[PDB]
Participant: 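Can you read through this structure? Questions will come right after.
Below, chain A is the first sequence line, B the second, and so on; all start at residue 1. Side chains included, hydrogens not; waters and symmetry mates left out as well; all remaining heavy atoms used.
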Amino acid sequence: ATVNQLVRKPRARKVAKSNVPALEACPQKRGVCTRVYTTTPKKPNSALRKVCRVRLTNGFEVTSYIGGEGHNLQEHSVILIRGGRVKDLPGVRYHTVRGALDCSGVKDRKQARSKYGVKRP
Amino acid sequence: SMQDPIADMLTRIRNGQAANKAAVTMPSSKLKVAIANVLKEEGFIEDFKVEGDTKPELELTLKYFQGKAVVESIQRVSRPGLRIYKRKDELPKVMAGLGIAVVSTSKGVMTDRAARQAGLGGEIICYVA
Amino acid sequence: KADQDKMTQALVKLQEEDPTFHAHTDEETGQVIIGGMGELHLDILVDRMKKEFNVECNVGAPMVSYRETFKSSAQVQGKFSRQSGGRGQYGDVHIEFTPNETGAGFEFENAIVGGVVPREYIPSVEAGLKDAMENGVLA
RNA sequence: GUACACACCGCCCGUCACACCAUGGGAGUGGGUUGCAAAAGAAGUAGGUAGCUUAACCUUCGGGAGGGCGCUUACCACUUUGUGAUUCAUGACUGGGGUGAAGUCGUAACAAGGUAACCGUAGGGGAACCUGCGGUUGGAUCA
RNA sequence: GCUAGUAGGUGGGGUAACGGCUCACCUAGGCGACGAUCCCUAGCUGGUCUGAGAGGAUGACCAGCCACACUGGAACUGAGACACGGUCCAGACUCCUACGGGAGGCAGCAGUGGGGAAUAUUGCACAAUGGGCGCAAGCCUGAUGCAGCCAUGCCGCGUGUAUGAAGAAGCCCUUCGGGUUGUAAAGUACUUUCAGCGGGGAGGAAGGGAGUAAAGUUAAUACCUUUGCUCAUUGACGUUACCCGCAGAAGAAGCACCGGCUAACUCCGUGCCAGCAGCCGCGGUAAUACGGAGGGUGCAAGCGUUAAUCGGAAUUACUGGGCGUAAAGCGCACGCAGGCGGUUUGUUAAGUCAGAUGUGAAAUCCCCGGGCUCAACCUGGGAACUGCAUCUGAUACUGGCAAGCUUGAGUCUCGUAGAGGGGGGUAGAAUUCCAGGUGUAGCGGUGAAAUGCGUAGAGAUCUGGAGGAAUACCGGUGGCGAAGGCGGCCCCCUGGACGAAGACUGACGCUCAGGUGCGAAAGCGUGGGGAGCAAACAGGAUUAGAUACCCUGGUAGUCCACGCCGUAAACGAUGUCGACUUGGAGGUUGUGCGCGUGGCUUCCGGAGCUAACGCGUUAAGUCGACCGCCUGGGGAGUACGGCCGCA
RNA sequence: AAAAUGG
Ligand SMILES: [K+]
Ligand SMILES: [K+]
Ligand SMILES: [K+]
Ligand SMILES: [K+]
Ligand SMILES: [K+]
Ligand SMILES: [K+]
Ligand SMILES: [K+]
Ligand SMILES: [K+]
Ligand SMILES: [K+]
Ligand SMILES: [K+]
Ligand SMILES: [K+]
Ligand SMILES: [K+]
Ligand SMILES: [K+]
Ligand SMILES: [K+]
Ligand SMILES: [K+]
Ligand SMILES: [K+]
Ligand SMILES: [Mg+2]
Ligand SMILES: [Mg+2]
Ligand SMILES: [Mg+2]
Ligand SMILES: [Mg+2]
Ligand SMILES: [Mg+2]
Ligand SMILES: [Mg+2]
Ligand SMILES: [Mg+2]
Ligand SMILES: [Mg+2]
Ligand SMILES: [Mg+2]
Ligand SMILES: [Mg+2]
Ligand SMILES: [Mg+2]
Ligand SMILES: [Mg+2]
Ligand SMILES: [Mg+2]
Ligand SMILES: [Mg+2]
Ligand SMILES: [Mg+2]
Ligand SMILES: [Mg+2]
Ligand SMILES: [Mg+2]
Ligand SMILES: [Mg+2]
Ligand SMILES: [Mg+2]
Ligand SMILES: [Mg+2]
Ligand SMILES: [Mg+2]
Ligand SMILES: [Mg+2]
Ligand SMILES: [Mg+2]
Ligand SMILES: [Mg+2]
Ligand SMILES: [Mg+2]
Ligand SMILES: [Mg+2]
Ligand SMILES: [Mg+2]
Ligand SMILES: [Mg+2]
Ligand SMILES: [Mg+2]
Ligand SMILES: [Mg+2]
Ligand SMILES: [Mg+2]
Ligand SMILES: [Mg+2]
Ligand SMILES: [Mg+2]
Ligand SMILES: [Mg+2]
Ligand SMILES: [Mg+2]
Ligand SMILES: [Mg+2]
Ligand SMILES: [Mg+2]
């Protein structure tokens, strides 16, 4: 582009949208579980990945992934969610924070305990 | 149409050097002759000669060293579309001083070194390496 | 359903207010069941919802989760053939259904003889039955 | 030549069926903001003066000057009415889009893909498309 | 598009003051594509973060400025307010009431509830600095000085140090030989920061209050004032820093990670399950990728994760990118604003350049230092603040002004070639139809058929007539045109190009957003025309079906006039103008004297360029001027809105 | 002449 054209119309940047809109520029957001269920991953993966529909305090209802093996989350459970999408799960853009609020830490976990809210054995 | 005669001169030199031409002739002008003097004094061209009166023509004798053109790169800096003026402290250094920058000062056209010695800034006409 | 979300919150608060109050949504029926130590207890709670929580509600009898079982035994055939060009879909299985011991649930028997159904397809047959059994065969 | 590379038993298009998601339209419905045209007139300030009243000054000793109060006018907040604009939410139903899963119907393109393909336009047809007119080569063939 | 106190003027009034500030009158102005008006968002700055920089992002703490103080509004007092802890009115809330009426405003400090992922004590002292009042003493000060809580960050230090083979047990692994943990631990010899206990101990303190003295002042050795002199006296922090002594390694390490990216690998368990995951992917029975263990790697009172900004991203490219085929040249042209502009002299000094002067708060950043045991932290000086204004200079270049010149551009004189355009006329061939003659059973069509046509005489052949459309051959990588396009011959009207030799004008130019014109085919409107061809439609075939391809028919349309539409793979998928840079073989059209010299065009190819293919003096090489356009694939050139259209 | 298809 020529300088004269750039004077008339300057170089234009990009908006860049967030992959975690429901968080609304917050590290975590509290919400209540509206439905805890399992879902199948997209090809080429096969499993029954655990997810939960959650209505956030901000008023957004989103799906969150329940990481770790085993959870005590039922409908009407208050959980803290953080950013983090799941590749093979379509529409899950958030993760539940284990070991916070009503969410419990993973049992029999000896490695990466802080990531699953487990206290030092 | 023809709008930048200086860039044309620089092109003729460049295209001549690439075509291994002994000399390059062009329509003459006071500014062209001034730059030709600076090139000659800095040892980028062999000699220049202005001939004619009604329509003077400037012939520049190009110099090739070991079968290689002395002028490895000649580029216009300030141009009609975008004029470039520099203060004495901002004068450019071509090829870390190994090249020259033809600058038009209030005391005439000269190299960047000469202008920096005279404590004069001006319009950066071209870079000649 | 606007008050349903409020009802959730109301039940939460009610549970905090009274330990004996127990709120639990039966998964099978999909209906929330309110437990109390007395009729009057539950009545007061519901009245509280209507007023304090401003949640209009109407009590009802908890739905019952029923199941089905074949009362008779009969040998049957299931044939599925869908070939009209290129790769098709053929599958025939002769399965005998008999009333199992009450509480024994499903007792599938692979009595395939002559390897008519290849071993690889056998688990699928069983799995397909299981899924179909989970779905209602009567009601 | 090629859009094929477990390599034509390749690749691959659209309708239809089902599920899900975002979104457009939709008799309308509920909010936010706002334009215009009016109405309204608390308090305050300024202007005028039915009446009422008055420490300091003047005085012929009666009054006078001036002031205050009240009243009145102007300006103006709340508030009110009508009619528009804009924005957001929601709406029976409906349009197309995307994502599913070894569904159904064909086989349109890629080889000359078996009628070369494609572009614009028009008409027709369950669907991919087909046909006319003009255009392009980003088609093979030639012994 | 916007605006009636609106723009200006005049007079009057008003303010501390200028002013439509206000009013009356007069004039009709003012603003805006250099973005007005309107909509959305937002306190601004010194600075902060990131970045090599240019930029990008940001404006917490600190400092300056502005705005607000329950909401809406108004004034009073005063030097200053339209006033956080003033007044009045209205409103919503809370509270009191004898029901008549009252009262109040934490966006001062602390604190409470609520909201939230999440942010502290209803502390102490005016000892110091600063402020209000006072003669002063003093008093007031949630300013401020300090203390509390919090790993929130930053910085410094510690959790021991040497020795120690027994290469112990024990763990893991192993080819069962052994290896690794690992000198690691025991064992031995030391040190004790810090914590703890004890005991010393600064500095922040200046002043103020008593006297006492001299001087000044005065009538006065009065009083007062000033400066010395002397004596008691003022620390919230506070159990201060710091120093010293005592006992004893005692009291003090965790977090993440090891498939690649990425420094760090095995065993076991599980078996497309459970699970993992930033990306690529991993898991279906020999998982360094899941989970556990052993071992290692990295960091450390932290370590991870999430959110967020910049960077990497030359991925909006000013620095610093592209557009033949990857995304991207408007279908073509004219042209206003705008951008840019040959050559010469003089003039001016706008830009530009130089120097000077004022300013650009302090802090911060940077450099050189100083001070806390060091560091973080604090501080002196300097630098920088890249800017702006003004003055004095320089004048090359750019600009302005003036005069020129001819080389760009243009005019004229003459000739040439051309399917360039518009209008009118005409010729020959062929098809179809109509009438008649001759003649007799087929014709036509296909891969093969059939529909169809024919004894009501077809087809074939001959003669006459009617009508429409298109112009064989010439004919060509030929020509003409801005593009779209343009083809018999003749005339009429008309545009452009090129060449030769002179003259004339004197930069009169180039590009061009918006605007305007032209713009294949199809299509649309009105009125004509209609031979042939042919969407649609019909029948016959083909086929599993055949809404096709093939056959027999056939309407709109194709044609003309006028109007509309405004699009095509409108393509060289290559914007326009100018200059420059090896060659060869051709075509077409001028011109000079076989050899020159112009215009246009085709193929091939060198350097160079290109991702490659290719392009290659007709550039996609080398440069300059201006414009258009692109920023992953879908969604989508679609929706919505606007404009245009009869549709 | 006809000559479809193949998670
Ligand atoms: K997998
Ligand atoms: K819909
Ligand atoms: K609506
Ligand atoms: K086709
Ligand atoms: K078509
Ligand atoms: K005004
Ligand atoms: K006036
Ligand atoms: K800034
Ligand atoms: K306010
Ligand atoms: K005062
Ligand atoms: K004080
Ligand atoms: K650039
Ligand atoms: K112009
Ligand atoms: K000049
Ligand atoms: K017809
Ligand atoms: K252009
Ligand atoms: Mg809607
Ligand atoms: Mg009033
Ligand atoms: Mg096909
Ligand atoms: Mg085809
Ligand atoms: Mg093709
Ligand atoms: Mg058709
Ligand atoms: Mg704001
Ligand atoms: Mg950078
Ligand atoms: Mg006053
Ligand atoms: Mg006050
Ligand atoms: Mg207050
Ligand atoms: Mg507070
Ligand atoms: Mg809360
Ligand atoms: Mg007090
Ligand atoms: Mg490695
Ligand atoms: Mg294993
Ligand atoms: Mg990040
Ligand atoms: Mg960048
Ligand atoms: Mg690029
Ligand atoms: Mg393409
Ligand atoms: Mg392209
Ligand atoms: Mg073009
Ligand atoms: Mg033009
Ligand atoms: Mg100047
Ligand atoms: Mg400063
Ligand atoms: Mg000049
Ligand atoms: Mg002519
Ligand atoms: Mg031409
Ligand atoms: Mg047409
Ligand atoms: Mg017509
Ligand atoms: Mg026909
Ligand atoms: Mg036909
Ligand atoms: Mg187009
Ligand atoms: Mg064309
Ligand atoms: Mg194009
Ligand atoms: Mg070539
Ligand atoms: Mg459209």
Participant: Could a donor-acceptor pair under 3.5 angstrom be found where the side chain of A:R49 meets the base of E:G275?
Facilitator: yes
Participant: Any donor-acceptor pair under 3.5 Å joining the side chain of B:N15 to the base of E:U622?
Facilitator: yes
Participant: Does a nitrogen or oxygen in the side chain of A:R85 sit under 4.0 Å from OP1 or OP2 of E:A277?
Facilitator: no
Participant: Any strand is fair game: report the nucleotide pairing with E:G624 by Watson-Crick or G-U wobble, both distances under 3.5 Å, or none.
Facilitator: E:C577
Participant: For the residue pair B:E123 / B:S78, report whether a side-chain donor-acceptor contact shorter than 3.5 Å exists.
Facilitator: yes
Participant: For A:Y94 and A:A22, indicate whether the former's side chain and the latter's backbone hold a donor-acceptor pair under 3.5 Å.
Facilitator: yes
Participant: Can we call E:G203 and E:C190 a base pair, counting Watson-Crick and G-U wobble only and needing both distances under 3.5 Å?
Facilitator: no
Participant: Decide yes or no, distance alone: a donor-acceptor N/O pair under 3.5 angstrom between the base of D:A102 and the side-chain of C:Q89.
Facilitator: yes
Participant: Identify whether any heavy atom of A:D88 sits under 4.0 Å from a base atom; if not, whether one sits that close to sugar-phosphate; answer base, sugar-phosphate or nothing.
Facilitator: base
Participant: Does A:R113 make a side-chain N or O approach to OP1 or OP2 of E:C257 shorter than 4.0 Å?
Facilitator: no
Participant: Would D:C6 be called syn or anti here, given the cut-off of 90° from 0?
Facilitator: syn
Participant: Check whether any side-chain N or O of C:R82 sits under 3.5 Å from a backbone N or O of C:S84 as a donor-acceptor pair, and report yes or no.
Facilitator: no
